[PDB]
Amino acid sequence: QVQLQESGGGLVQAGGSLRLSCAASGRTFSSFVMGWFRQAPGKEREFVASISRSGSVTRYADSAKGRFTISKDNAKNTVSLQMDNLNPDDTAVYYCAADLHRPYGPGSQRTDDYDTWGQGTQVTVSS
């Protein structure tokens, strides 16, 4: 029973930055693919960024390329999301996710490929 918990969300001003982190708890034996999704009010769950087991190959949603940087720390067993140049279209609950079944490559943009999730964190960009 690997678990996931997000941290570091909060309030930010249109143009600002924020860093999100996800700590994986429970017993583990190796590294694994992890990813960030978000859900806005009204809107449904969408991909933001995912990373390979080693942190070496990443993928970014269209909204996300340029402004966000995903990285991994395998001893810490965390994942991070650096969010620069935020606008209010980024306001949502941001979810941590893990694909424990994938043996190489970043995660996909689909939620059904992610089997482990945290309860999220709130990110609010107000204009």
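Throughout, we count residues from 1 along the sequence that is shown.
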query	finding
Selected stretch [higher average CA B-factor]: 41-49 or 86-94	41-49
Residue with maximal Cα B-factor (values as given in the PDB entry) among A64, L100, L81, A75	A75
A23, C-alpha B-factor rank within chain (lowest, middle or highest third)	lowest
CA B-factor placement of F68, once the chain's modelled residues are sorted into thirds	highest
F32 - Cα temperature factor, lowest/middle/highest third of chain	middle
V125, C-alpha B-factor rank within chain (lowest, middle or highest third)	middle
B-factor third for the C-alpha atom of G118 within its chain	lowest
